[PDB]
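Here is the structure we will look at.
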Amino acid sequence: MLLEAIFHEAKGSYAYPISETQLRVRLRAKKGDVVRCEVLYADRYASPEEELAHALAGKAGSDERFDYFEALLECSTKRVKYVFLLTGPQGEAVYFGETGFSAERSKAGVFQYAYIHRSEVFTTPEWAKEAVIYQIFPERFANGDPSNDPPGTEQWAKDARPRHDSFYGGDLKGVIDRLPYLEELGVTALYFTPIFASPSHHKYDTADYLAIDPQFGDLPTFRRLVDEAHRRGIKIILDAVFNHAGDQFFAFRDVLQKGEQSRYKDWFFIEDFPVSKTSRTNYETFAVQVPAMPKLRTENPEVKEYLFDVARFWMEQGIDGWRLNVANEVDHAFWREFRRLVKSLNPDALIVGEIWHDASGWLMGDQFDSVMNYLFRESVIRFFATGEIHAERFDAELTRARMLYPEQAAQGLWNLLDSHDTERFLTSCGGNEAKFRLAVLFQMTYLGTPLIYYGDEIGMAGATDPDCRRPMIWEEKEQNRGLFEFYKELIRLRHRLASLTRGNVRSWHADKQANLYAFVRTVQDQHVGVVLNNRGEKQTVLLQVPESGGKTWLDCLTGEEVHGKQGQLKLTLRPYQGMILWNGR
Ligand SMILES: OC[C@H]1O[C@@H]2O[C@H]3[C@H](O)[C@@H](O)[C@@H](O[C@H]4[C@H](O)[C@@H](O)[C@@H](O[C@H]5[C@H](O)[C@@H](O)[C@@H](O[C@H]6[C@H](O)[C@@H](O)[C@@H](O[C@H]7[C@H](O)[C@@H](O)[C@@H](O[C@H]8[C@H](O)[C@@H](O)[C@@H](O[C@H]1[C@H](O)[C@H]2O)O[C@@H]8CO)O[C@@H]7CO)O[C@@H]6CO)O[C@@H]5CO)O[C@@H]4CO)O[C@@H]3CO
């Protein structure tokens, strides 16, 4: 049993509260090293004479190299100390504690979770768990007011190939006019990219955080969108760029004019003025040389209050949350305080961050509710699209990601297939609608919150930016209504089956050879097994029947298949077919 591979910590994603009285504990070890893993615990002040409590940690999954065991400690005192009992294949057992590994339970020591504060229990908005987000790029969704259109706008047509600097006249009024379409599809929330005032084409360099860009609409119209959206049960999530401002931002406008005499000089990172935004820069900007985007000194108490006041203003308009662009570059303190402000104004307000790497340090409960699950996509692209990887490998990747953050976060990660920065998933599938659909089937049933990129529902395709930003197809006869209907039904199943939104995930079956994958979602007595045949050939397989839900199963897409035959289930799947097996509870 390789002791150097066993890992655990009384913090982070390995030991964290799910309530003021319940503590989840996680443990990692070499694949096939531990057969059974038990946990003995008791209050931190219990007498040495007292018998310890027992918790059996079932294997929650396994990846490319590690096994993951998960336990649930009951702590009525709100304090807890514990040790692990690990048993190997050959029957050898060993105790694992803070002190180390030993056959002696005392020499092993004991891990400690000092105390559990109700305020430190990771809590996220209930609606975000069963929501279905829809990403809207205002400029290209629906142009409901042609008098909004900027000079040089191009005609709105199907056979259109966008350019980096093209314009189509998309606005907020169109979003309103098209709400019925969205409600029908079943979207629960709408995500808008930056829509604040900006002289640029992308609006990432904000000019006035307190005003809507004339091109998309105005304050009154927004208010109306909010109401019409809310009235139809749809939340509005706005995109905010607080890491940097645009070259037009009033405060930068002042320093570029008043130099060191400006009372706003400490609001940016300026080396030596006289601020020279000519072509070289004497101030720190966004990526490298991007004068149009001066970084803001969020650490400065004066700046924080401004951004904080900005958040305050928009929350008065009824927005339901924020997506924080380039968040990993803002001090944690700011974020901890931002959370407080926001949750205090609206506890159901959602906070989503943009980090393209391990977002662990921002996912413990005091900063963000979740982030864009970039791992999810990278994994789906390679499995369903290109086929660079197989099901057994796939299973490992999905697991690897899941164990990264606390479950409260995992259930909230935004699972996208594409965005304005990638090509349409249809293109990745080489136009194969067969593959694409199976990917959506997965997306709508896996652990996390589905994020639909505007237009994917009607079968739109295109290469990466800007070919990924083609004007929405509003022609009934030019839309793939087959897919539209397909999306509607998957989304519908998601809202009625608790397992798909509030249940957990466990690997059910994965064949490297058949490239067939299956997983199971369980909440209380409900069980829904998903089978995926990622092959263009008809195949049949025998899956074990998890010891909990019954001998009868129903495919929510087609019809019954009660194959409970002595612990097995015989399933014949058509090429690229997927099944949603519900145990009926
Ligand atoms: O605020 C800007 C930007 O923010 C968001 O972008 C996020 C993005 O969604 C995430 O995917 C991630 O980005 C990482 C990226 O995915 C990685 O691949 C990698 O990037 C490498 C590139 O792949 C590589 O090609 C090269 O990039 C250089 C470009 O080739 C070069 O041309 C230039 O870029 C200029 C653009 O070409 C030009 O069009 C203009 O871009 C504007 C966008 O069009 C506009 O939509 C918006 O972009 C948002 C984006 O939509 C958000 O989602 O504003 C842009 C203006 O800044 O101007 C560009 C600048 O002149 O320069 C680049 C870089 O030098 O190398 C990179 C090397 O890393 O890493 C990326 C970051 O880690 O995260 C971002 C941030 O949250």
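Chain labels follow the order of the structure tokens: the first chain is A, the next B, and so on; residue numbering restarts at 1 in every chain, and ligands are counted from 1 in their shown order.
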
Residues at most 12 Å from residue 585 (chain A), counting only C-alpha atoms, excluding those fewer than 3 positions away in the same chain, as a PyMOL selection string? chain A and resi 496-499+522-528+548-550+552-554+581-582

DSSP on the backbone: what in region 347-483 of chain A comes out strand (DSSP E or B), as a ChimeraX atom specification? /A:350-353,370-372,414-416,449-453

Now that the selection is made, can you save its residues with N, CA and C atoms as a short mmCIF file (atom, residue, chain, number, x, y, z; two decimals), in the first residue's frame?
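Listing of result.cif after writing:
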```
data_model
loop_
_atom_site.label_atom_id
_atom_site.label_comp_id
_atom_site.auth_asym_id
_atom_site.auth_seq_id
_atom_site.Cartn_x
_atom_site.Cartn_y
_atom_site.Cartn_z
N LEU A 350 -26.52 35.60 -7.78
CA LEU A 350 -25.49 34.64 -8.16
C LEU A 350 -24.15 35.29 -8.55
N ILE A 351 -23.04 34.69 -8.12
CA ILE A 351 -21.72 35.21 -8.46
C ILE A 351 -20.94 34.13 -9.22
N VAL A 352 -20.61 34.41 -10.47
CA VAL A 352 -19.85 33.48 -11.31
C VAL A 352 -18.57 34.14 -11.81
N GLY A 353 -17.42 33.49 -11.57
CA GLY A 353 -16.12 34.00 -11.98
C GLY A 353 -15.52 33.39 -13.23
N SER A 370 -19.59 29.90 -8.17
CA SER A 370 -19.07 28.94 -9.12
C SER A 370 -18.30 29.70 -10.17
N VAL A 371 -17.83 28.97 -11.19
CA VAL A 371 -17.08 29.52 -12.31
C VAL A 371 -17.42 28.73 -13.54
N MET A 372 -16.98 29.21 -14.70
CA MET A 372 -17.20 28.50 -15.96
C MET A 372 -16.35 27.24 -15.92
N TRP A 414 -20.76 26.32 -14.46
CA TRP A 414 -21.40 26.57 -15.73
C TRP A 414 -20.80 25.64 -16.79
N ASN A 415 -21.56 24.65 -17.24
CA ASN A 415 -21.05 23.74 -18.26
C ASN A 415 -21.39 24.16 -19.69
N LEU A 416 -20.48 24.86 -20.35
CA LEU A 416 -20.74 25.30 -21.72
C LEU A 416 -20.09 24.41 -22.77
N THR A 449 -24.50 23.18 -14.12
CA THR A 449 -25.59 23.94 -14.75
C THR A 449 -25.32 24.14 -16.25
N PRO A 450 -26.23 23.66 -17.12
CA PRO A 450 -26.08 23.78 -18.57
C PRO A 450 -26.11 25.21 -19.05
N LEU A 451 -25.21 25.55 -19.95
CA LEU A 451 -25.18 26.91 -20.49
C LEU A 451 -25.29 26.80 -21.99
N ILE A 452 -26.37 27.32 -22.54
CA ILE A 452 -26.59 27.26 -23.98
C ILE A 452 -26.08 28.54 -24.63
N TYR A 453 -25.32 28.38 -25.71
CA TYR A 453 -24.81 29.54 -26.44
C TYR A 453 -25.87 29.89 -27.50
#
```

Which chains and residue numbers are within 9 Å of ligand 1, counting only C-alpha atoms and all ligand atoms, if I want them as a CSV table (one decimal) with N, CA and C atoms, in the first residue's frame?
```csv
chain,number,residue,atom,x,y,z
A,164,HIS,N,-14.4,40.9,-38.1
A,164,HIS,CA,-14.0,41.3,-36.8
A,164,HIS,C,-14.8,42.5,-36.3
A,165,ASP,N,-14.9,43.5,-37.2
A,165,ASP,CA,-15.6,44.8,-37.0
A,165,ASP,C,-17.0,45.0,-37.6
A,193,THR,N,-23.3,39.5,-22.3
A,193,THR,CA,-21.9,39.9,-22.3
A,193,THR,C,-21.9,41.4,-21.9
A,201,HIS,N,-16.1,47.9,-30.2
A,201,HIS,CA,-17.0,46.9,-30.9
A,201,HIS,C,-17.5,45.8,-29.9
A,202,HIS,N,-16.6,45.5,-29.0
A,202,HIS,CA,-16.8,44.4,-28.0
A,202,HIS,C,-17.3,44.9,-26.6
A,203,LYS,N,-17.1,46.1,-26.3
A,203,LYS,CA,-17.6,46.7,-25.0
A,203,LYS,C,-16.9,46.2,-23.8
A,204,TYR,N,-15.7,45.7,-23.9
A,204,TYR,CA,-14.9,45.2,-22.8
A,204,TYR,C,-14.1,46.3,-22.1
A,205,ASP,N,-14.0,47.4,-22.8
A,205,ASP,CA,-13.4,48.6,-22.2
A,205,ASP,C,-14.5,49.6,-21.9
A,241,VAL,N,-17.0,43.9,-15.9
A,241,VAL,CA,-15.5,43.9,-15.9
A,241,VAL,C,-14.9,44.9,-14.9
A,244,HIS,N,-10.3,45.9,-15.1
A,244,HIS,CA,-9.8,47.1,-15.8
A,244,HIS,C,-10.9,47.9,-16.4
A,286,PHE,N,-4.4,45.8,-19.4
A,286,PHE,CA,-4.9,44.4,-19.4
A,286,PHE,C,-3.9,43.3,-19.7
A,287,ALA,N,-3.7,43.0,-21.0
A,287,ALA,CA,-2.8,41.9,-21.3
A,287,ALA,C,-1.4,42.3,-21.3
A,288,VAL,N,-1.0,43.0,-22.4
A,288,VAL,CA,0.3,43.5,-22.6
A,288,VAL,C,0.4,45.0,-23.0
A,289,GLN,N,0.1,45.3,-24.3
A,289,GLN,CA,0.0,46.6,-24.7
A,289,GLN,C,-1.4,46.9,-25.2
A,290,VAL,N,-2.2,47.3,-24.3
A,290,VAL,CA,-3.6,47.5,-24.7
A,290,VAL,C,-4.0,48.7,-23.9
A,292,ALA,N,-6.2,50.9,-24.2
A,292,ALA,CA,-7.6,51.1,-24.1
A,292,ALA,C,-8.2,50.5,-22.8
A,293,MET,N,-7.4,49.7,-22.1
A,293,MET,CA,-7.9,49.0,-20.9
A,293,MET,C,-7.0,49.1,-19.7
A,324,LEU,N,-18.1,37.6,-13.4
A,324,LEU,CA,-16.9,38.4,-13.2
A,324,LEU,C,-15.8,38.1,-14.1
A,325,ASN,N,-15.6,38.9,-15.2
A,325,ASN,CA,-14.6,38.7,-16.2
A,325,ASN,C,-13.2,39.0,-15.6
A,326,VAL,N,-12.2,38.2,-16.1
A,326,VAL,CA,-10.9,38.3,-15.6
A,326,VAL,C,-10.8,38.5,-14.1
A,327,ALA,N,-11.6,37.7,-13.3
A,327,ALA,CA,-11.7,37.8,-11.9
A,327,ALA,C,-10.4,37.4,-11.1
A,328,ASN,N,-9.7,36.4,-11.7
A,328,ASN,CA,-8.5,35.9,-11.0
A,328,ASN,C,-7.5,37.0,-10.8
A,354,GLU,N,-14.6,34.1,-13.9
A,354,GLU,CA,-14.0,33.7,-15.1
A,354,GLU,C,-12.5,33.3,-14.8
A,355,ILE,N,-12.2,32.0,-14.5
A,355,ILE,CA,-10.9,31.6,-14.3
A,355,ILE,C,-10.6,30.4,-15.2
A,356,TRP,N,-9.6,30.5,-16.0
A,356,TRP,CA,-9.3,29.4,-16.9
A,356,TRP,C,-8.3,28.4,-16.4
A,357,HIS,N,-8.3,28.2,-15.0
A,357,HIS,CA,-7.4,27.3,-14.4
A,357,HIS,C,-7.9,26.9,-13.0
A,374,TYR,N,-14.4,25.1,-17.5
A,374,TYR,CA,-13.6,25.0,-18.7
A,374,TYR,C,-13.1,23.6,-19.0
A,419,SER,N,-18.8,29.3,-26.9
A,419,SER,CA,-19.1,30.6,-26.5
A,419,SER,C,-18.7,31.5,-27.7
A,420,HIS,N,-18.7,32.8,-27.5
A,420,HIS,CA,-18.3,33.7,-28.6
A,420,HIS,C,-16.8,33.6,-28.9
A,421,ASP,N,-16.1,32.8,-28.1
A,421,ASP,CA,-14.7,32.7,-28.4
A,421,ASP,C,-14.2,31.3,-29.0
A,422,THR,N,-15.2,30.5,-29.3
A,422,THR,CA,-14.9,29.2,-29.9
A,422,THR,C,-15.8,29.0,-31.0
A,465,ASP,N,-14.6,33.0,-33.6
A,465,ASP,CA,-14.7,34.4,-33.8
A,465,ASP,C,-14.1,34.9,-35.1
A,466,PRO,N,-14.8,35.7,-35.8
A,466,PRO,CA,-16.2,36.1,-35.5
A,466,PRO,C,-17.2,35.3,-36.2
```

Contact residues around region 329-343 of chain A with only C-alpha atoms at 7 Å, ignoring same-chain residues under 6 positions, as a PyMOL selection string: chain A and resi 243+298+308+349+366-367

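The residue that comes closest to residue 378 (chain A), out of A:266, A:284, A:418, A:348 and on the basis of only C-alpha atoms, is A:418.
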
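Shortest separation to residue 368 (chain A) among A:533, A:147, A:408, A:87 occurs at residue A:408, atoms counted being only C-alpha atoms.
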
Show me, as an MDAnalysis selection string, the residues that have an atom within 8 Å of residue 206 (chain A) when counting only C-alpha atoms, minus same-chain residues fewer than 5 positions from it. chainID A and resid 196:198 241 245:246 248:249

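Distance annotation: of A:272, A:214, A:73, A:320, the residue with the minimal separation from residue 227 (chain A) is A:320; atom set is only C-alpha atoms.
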
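Near residue 384 (chain A), within 9 Å and counting only C-alpha atoms, sit residues 379, 389, 429, 435, 436, 438, 439 and 534 of chain A, not including residues fewer than 5 positions from it in the same chain.
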
At a cut-off of 12 Å, using only C-alpha atoms, what residues contact residue 226 (chain A)? Leave out same-chain residues fewer than 2 positions from it and give the result as a PyMOL selection string. chain A and resi 172-173+175-176+179+189-190+219-224+228-238+314-320

Write out, as a compact mmCIF listing (two decimals), in the first residue's frame, the residues just selected, with N, CA, C and O atoms.
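Output below, filename again_30.txt:
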```
# COMPACT_ATOMS: atom_id res chain seq x y z
N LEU A 172 -31.34 45.48 -27.00
CA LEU A 172 -32.15 44.94 -25.92
C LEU A 172 -33.62 44.77 -26.29
O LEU A 172 -34.26 43.78 -25.90
N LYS A 173 -34.17 45.72 -27.05
CA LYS A 173 -35.58 45.65 -27.47
C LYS A 173 -35.87 44.36 -28.21
O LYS A 173 -36.98 43.83 -28.14
N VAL A 175 -34.34 41.58 -27.60
CA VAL A 175 -34.32 40.55 -26.59
C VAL A 175 -35.70 40.45 -26.01
O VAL A 175 -36.25 39.35 -25.85
N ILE A 176 -36.29 41.60 -25.72
CA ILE A 176 -37.65 41.63 -25.15
C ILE A 176 -38.64 40.99 -26.12
O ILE A 176 -39.35 40.06 -25.75
N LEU A 179 -38.58 37.22 -26.03
CA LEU A 179 -38.67 36.46 -24.79
C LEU A 179 -39.52 35.19 -24.87
O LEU A 179 -39.15 34.18 -24.30
N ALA A 189 -32.57 31.37 -17.18
CA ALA A 189 -31.82 32.59 -16.98
C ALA A 189 -31.05 33.00 -18.22
O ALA A 189 -30.58 32.16 -18.99
N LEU A 190 -30.88 34.32 -18.38
CA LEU A 190 -30.18 34.90 -19.52
C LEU A 190 -28.89 35.58 -19.13
O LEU A 190 -28.86 36.43 -18.24
N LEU A 219 -31.73 52.97 -20.02
CA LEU A 219 -32.20 52.54 -18.70
C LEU A 219 -33.64 52.08 -18.65
O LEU A 219 -33.95 51.03 -18.08
N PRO A 220 -34.55 52.89 -19.19
CA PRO A 220 -35.97 52.52 -19.19
C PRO A 220 -36.21 51.16 -19.86
O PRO A 220 -36.96 50.34 -19.32
N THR A 221 -35.60 50.94 -21.03
CA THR A 221 -35.74 49.68 -21.77
C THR A 221 -35.22 48.50 -20.99
O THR A 221 -35.80 47.42 -21.02
N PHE A 222 -34.09 48.70 -20.31
CA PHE A 222 -33.51 47.63 -19.53
C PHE A 222 -34.51 47.25 -18.46
O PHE A 222 -34.87 46.08 -18.32
N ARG A 223 -34.99 48.25 -17.72
CA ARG A 223 -35.94 47.98 -16.67
C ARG A 223 -37.05 47.13 -17.24
O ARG A 223 -37.43 46.14 -16.64
N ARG A 224 -37.54 47.49 -18.41
CA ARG A 224 -38.62 46.73 -19.00
C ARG A 224 -38.23 45.29 -19.28
O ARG A 224 -39.05 44.39 -19.12
N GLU A 228 -40.12 42.06 -17.88
CA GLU A 228 -40.68 41.06 -18.79
C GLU A 228 -39.98 39.73 -18.61
O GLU A 228 -40.59 38.67 -18.77
N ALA A 229 -38.70 39.79 -18.27
CA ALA A 229 -37.94 38.57 -18.05
C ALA A 229 -38.42 37.91 -16.75
O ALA A 229 -38.80 36.74 -16.75
N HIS A 230 -38.44 38.67 -15.67
CA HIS A 230 -38.86 38.17 -14.37
C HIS A 230 -40.27 37.64 -14.37
O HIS A 230 -40.57 36.64 -13.71
N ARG A 231 -41.14 38.33 -15.09
CA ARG A 231 -42.55 37.97 -15.19
C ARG A 231 -42.72 36.59 -15.80
O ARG A 231 -43.65 35.89 -15.45
N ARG A 232 -41.78 36.19 -16.65
CA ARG A 232 -41.83 34.91 -17.33
C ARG A 232 -40.92 33.92 -16.63
O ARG A 232 -40.52 32.91 -17.20
N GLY A 233 -40.56 34.25 -15.39
CA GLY A 233 -39.73 33.36 -14.61
C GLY A 233 -38.30 33.19 -15.08
O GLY A 233 -37.73 32.12 -14.89
N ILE A 234 -37.73 34.22 -15.72
CA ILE A 234 -36.36 34.17 -16.22
C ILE A 234 -35.45 35.21 -15.58
O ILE A 234 -35.72 36.40 -15.67
N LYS A 235 -34.34 34.77 -14.99
CA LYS A 235 -33.38 35.67 -14.32
C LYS A 235 -32.45 36.32 -15.33
O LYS A 235 -32.25 35.79 -16.42
N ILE A 236 -31.87 37.47 -14.96
CA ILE A 236 -30.94 38.18 -15.82
C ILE A 236 -29.57 38.26 -15.17
O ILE A 236 -29.43 38.83 -14.10
N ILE A 237 -28.56 37.69 -15.81
CA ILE A 237 -27.21 37.74 -15.27
C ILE A 237 -26.37 38.63 -16.17
O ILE A 237 -26.21 38.35 -17.37
N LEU A 238 -25.80 39.67 -15.58
CA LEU A 238 -25.02 40.65 -16.31
C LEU A 238 -23.54 40.38 -16.14
O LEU A 238 -23.11 39.85 -15.13
N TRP A 314 -26.96 48.69 -10.13
CA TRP A 314 -27.55 47.69 -11.00
C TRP A 314 -28.40 46.65 -10.30
O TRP A 314 -29.30 46.06 -10.90
N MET A 315 -28.11 46.42 -9.02
CA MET A 315 -28.88 45.45 -8.26
C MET A 315 -30.25 46.05 -7.97
O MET A 315 -31.20 45.32 -7.71
N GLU A 316 -30.33 47.39 -8.01
CA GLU A 316 -31.57 48.14 -7.80
C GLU A 316 -32.45 47.96 -9.03
O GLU A 316 -33.65 48.16 -8.97
N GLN A 317 -31.82 47.64 -10.15
CA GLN A 317 -32.57 47.42 -11.37
C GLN A 317 -33.10 46.02 -11.44
O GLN A 317 -33.80 45.66 -12.38
N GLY A 318 -32.76 45.22 -10.43
CA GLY A 318 -33.24 43.85 -10.35
C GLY A 318 -32.44 42.70 -10.94
O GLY A 318 -32.95 41.58 -11.01
N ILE A 319 -31.19 42.95 -11.34
CA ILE A 319 -30.38 41.89 -11.94
C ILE A 319 -30.27 40.75 -10.95
O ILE A 319 -30.44 40.95 -9.75
N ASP A 320 -29.99 39.54 -11.42
CA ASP A 320 -29.96 38.41 -10.52
C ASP A 320 -28.58 37.83 -10.22
O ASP A 320 -28.43 36.86 -9.48
```

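The residue that comes closest to residue 560 (chain A), out of A:157, A:580, A:543, A:460 and on the basis of only C-alpha atoms, is A:580.
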
Using only C-alpha atoms, which protein or nucleic acid residues come within 8 Å of residue 25 (chain A)? Drop anything in the same chain fewer than 6 positions from it, and give the result as a VMD selection string. chain A and resid 14 to 16 70 to 73

Expected file contents, prior selection, N, CA, C and O atoms, as a compact mmCIF listing (two decimals), in the first residue's frame:
```txt
# COMPACT_ATOMS: atom_id res chain seq x y z
N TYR A 14 -11.16 18.58 0.77
CA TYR A 14 -11.07 17.28 1.42
C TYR A 14 -11.75 17.24 2.77
O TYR A 14 -11.99 16.17 3.33
N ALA A 15 -12.11 18.39 3.30
CA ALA A 15 -12.76 18.39 4.59
C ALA A 15 -13.52 19.65 4.62
O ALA A 15 -12.96 20.71 4.82
N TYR A 16 -14.83 19.55 4.47
CA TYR A 16 -15.62 20.76 4.47
C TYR A 16 -17.03 20.45 4.89
O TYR A 16 -17.56 19.38 4.57
N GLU A 70 -15.12 9.01 -0.14
CA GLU A 70 -15.87 10.11 0.42
C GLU A 70 -16.68 9.65 1.65
O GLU A 70 -17.36 8.61 1.62
N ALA A 71 -16.62 10.43 2.73
CA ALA A 71 -17.33 10.09 3.96
C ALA A 71 -18.14 11.28 4.41
O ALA A 71 -17.96 12.39 3.92
N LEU A 72 -19.03 11.03 5.36
CA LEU A 72 -19.90 12.07 5.89
C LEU A 72 -19.94 11.90 7.39
O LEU A 72 -20.55 10.96 7.91
N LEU A 73 -19.28 12.82 8.09
CA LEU A 73 -19.21 12.81 9.53
C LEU A 73 -20.35 13.60 10.18
O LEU A 73 -20.66 14.71 9.76
```

Expressed in Å to a single decimal, how great is the separation between CA of residue 483 (chain A) and CA of residue 424 (chain A)? 14.3 Å

Hey, what does DSSP flag as alpha helix (DSSP H) within region 192-357 of chain A? Can you give it to me as a PDB file with C-alpha atoms, in the first residue's frame?
```pdb
ATOM      1  CA  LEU A 219     -32.197  52.535 -18.704  1.00  0.00           C
ATOM      2  CA  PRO A 220     -35.968  52.520 -19.188  1.00  0.00           C
ATOM      3  CA  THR A 221     -35.744  49.683 -21.770  1.00  0.00           C
ATOM      4  CA  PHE A 222     -33.512  47.627 -19.527  1.00  0.00           C
ATOM      5  CA  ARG A 223     -35.941  47.977 -16.666  1.00  0.00           C
ATOM      6  CA  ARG A 224     -38.619  46.728 -18.997  1.00  0.00           C
ATOM      7  CA  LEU A 225     -36.487  43.729 -19.992  1.00  0.00           C
ATOM      8  CA  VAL A 226     -35.935  42.871 -16.417  1.00  0.00           C
ATOM      9  CA  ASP A 227     -39.654  42.961 -15.666  1.00  0.00           C
ATOM     10  CA  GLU A 228     -40.680  41.063 -18.790  1.00  0.00           C
ATOM     11  CA  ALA A 229     -37.945  38.570 -18.051  1.00  0.00           C
ATOM     12  CA  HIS A 230     -38.862  38.174 -14.372  1.00  0.00           C
ATOM     13  CA  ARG A 231     -42.552  37.971 -15.186  1.00  0.00           C
ATOM     14  CA  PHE A 250     -13.934  59.349 -16.716  1.00  0.00           C
ATOM     15  CA  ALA A 251     -11.208  58.793 -14.097  1.00  0.00           C
ATOM     16  CA  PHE A 252      -8.590  57.900 -16.654  1.00  0.00           C
ATOM     17  CA  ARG A 253      -9.761  60.911 -18.669  1.00  0.00           C
ATOM     18  CA  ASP A 254      -8.882  63.069 -15.680  1.00  0.00           C
ATOM     19  CA  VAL A 255      -5.359  61.707 -15.032  1.00  0.00           C
ATOM     20  CA  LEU A 256      -4.496  61.801 -18.725  1.00  0.00           C
ATOM     21  CA  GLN A 257      -5.368  65.516 -18.482  1.00  0.00           C
ATOM     22  CA  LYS A 258      -4.324  66.438 -14.923  1.00  0.00           C
ATOM     23  CA  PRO A 301     -10.329  51.953  -0.877  1.00  0.00           C
ATOM     24  CA  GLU A 302     -11.579  54.736  -3.149  1.00  0.00           C
ATOM     25  CA  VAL A 303     -11.895  52.504  -6.227  1.00  0.00           C
ATOM     26  CA  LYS A 304     -13.551  49.633  -4.373  1.00  0.00           C
ATOM     27  CA  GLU A 305     -16.300  51.937  -3.129  1.00  0.00           C
ATOM     28  CA  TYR A 306     -16.959  53.040  -6.682  1.00  0.00           C
ATOM     29  CA  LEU A 307     -17.222  49.552  -8.141  1.00  0.00           C
ATOM     30  CA  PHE A 308     -19.219  48.611  -5.090  1.00  0.00           C
ATOM     31  CA  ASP A 309     -21.570  51.479  -5.709  1.00  0.00           C
ATOM     32  CA  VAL A 310     -21.863  50.390  -9.290  1.00  0.00           C
ATOM     33  CA  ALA A 311     -22.913  46.875  -8.246  1.00  0.00           C
ATOM     34  CA  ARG A 312     -25.379  48.497  -5.902  1.00  0.00           C
ATOM     35  CA  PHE A 313     -26.984  50.584  -8.667  1.00  0.00           C
ATOM     36  CA  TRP A 314     -27.550  47.693 -11.005  1.00  0.00           C
ATOM     37  CA  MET A 315     -28.878  45.452  -8.263  1.00  0.00           C
ATOM     38  CA  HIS A 332      -9.349  38.112  -2.802  1.00  0.00           C
ATOM     39  CA  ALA A 333     -10.292  40.735  -0.195  1.00  0.00           C
ATOM     40  CA  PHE A 334     -12.200  42.697  -2.755  1.00  0.00           C
ATOM     41  CA  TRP A 335     -14.080  39.571  -3.732  1.00  0.00           C
ATOM     42  CA  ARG A 336     -14.864  38.614  -0.159  1.00  0.00           C
ATOM     43  CA  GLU A 337     -16.284  42.053   0.440  1.00  0.00           C
ATOM     44  CA  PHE A 338     -18.083  42.120  -2.919  1.00  0.00           C
ATOM     45  CA  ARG A 339     -19.848  38.877  -1.898  1.00  0.00           C
ATOM     46  CA  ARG A 340     -20.997  40.372   1.391  1.00  0.00           C
ATOM     47  CA  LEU A 341     -22.392  43.451  -0.309  1.00  0.00           C
ATOM     48  CA  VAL A 342     -24.145  41.455  -2.996  1.00  0.00           C
ATOM     49  CA  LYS A 343     -25.601  38.716  -0.804  1.00  0.00           C
ATOM     50  CA  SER A 344     -26.794  41.300   1.673  1.00  0.00           C
ATOM     51  CA  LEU A 345     -28.782  43.086  -1.066  1.00  0.00           C
TER      52      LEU A 345
END
```

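Minimum atom-to-atom distances from A:26, A:551, A:8, A:390 to residue 403 (chain A) were compared using only C-alpha atoms, and the lowest value belongs to A:26.
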